[PDB]
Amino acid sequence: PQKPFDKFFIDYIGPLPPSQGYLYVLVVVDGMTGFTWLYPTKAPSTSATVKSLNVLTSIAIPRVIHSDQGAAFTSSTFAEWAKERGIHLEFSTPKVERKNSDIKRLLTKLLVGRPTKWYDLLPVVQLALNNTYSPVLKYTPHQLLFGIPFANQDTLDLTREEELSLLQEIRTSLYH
C-alpha cells in the first residue's frame, strides 16, 4: 500500500510578475498524502528543478516522479539525475488533480494589488494548503505526512497581519 514520498507529481506554475527576481513556482505534490512543496525559481529549468528536488530528496528518495512534457523534465540532464538517484520518471498522457488547480487559482488571486510580493507570501500559501482539509479525506496533508510542530493550531503560528489575513483568504477559497 502506497507510502508518503513514494511518488512525486511536479509542475511549473508561471511566469508570474517578477518578485525578488523569481518568476516561477516548482510545485511538488506527494502522491499518497497530498502534501505540497512550493519552490520559487527564476526559470522553469532542469537546473532549478534538480536543485529544488536535491533539497526535497534529502528527506526521502521517491520511487517515481510524474510530470508533463515541460522542457525541464524531458531533458537528458533531468533523466540522468533521476537515473543516478534510482528514481523512475513518469510522463502524463491523455486529489492531485484538484491540488494543482487550486494553486494556480490561489496564486492568481494573491497577486491582485501586490504583484511583486508573491515570493514573500509563498511560505504561507504552502502552509495553508497543507493544513486545510480536503472534501473526501479525513486528515490534512500535514497530518498524513507527520503522523496523527505548531505552537498554535488555529493561526498556524502566523503573527504578521498580512500573512494571517492571507491564511483567511486561502481558507475562504478552499472551503467555499
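Note that residue numbering begins at 1 and tracks the sequence as displayed.
**Q** Report, from the record, the number of residues in the deposited sequence between residue 94 and residue 95 that have no coordinates, as none, 1 to 3, 4 to 9, or 10 or more.
**A** Count of unmodelled residues in between: 4 to 9.
**Q** Residues with no coordinates between residue 112 and residue 113 in the deposited sequence, how many: none, 1 to 3, 4 to 9, or 10 or more?
**A** Gap size class: none, per the record.
**Q** Quick check on the record: does 66-74 or 38-46 carry the larger mean Cα temperature factor?
**A** Per the deposited B-factors, the answer is 66-74.
**Q** Looking only at CA atoms, which has the higher mean B factor in the entry: 22-30 or 131-139?
**A** Between 131-139 and 22-30, it is 131-139 that shows the higher mean C-alpha B-factor.
**Q** Among all modelled residues of this chain, ranked by Cα B factor, put residue 16 in the bottom, middle or top third, i.e. lowest, middle or highest.
**A** Within its chain, residue 16 is a lowest-third residue by C-alpha B-factor, going by the deposited values.
**Q** Would the CA B-factor of residue 144 place it in the lowest, middle or highest third of its chain?
**A** Middle third.
**Q** Using the B-factors in the PDB entry, rank residue 151's C-alpha atom against the chain and give the third, lowest, middle or highest.
**A** Highest third of the chain for residue 151's C-alpha B-factor.
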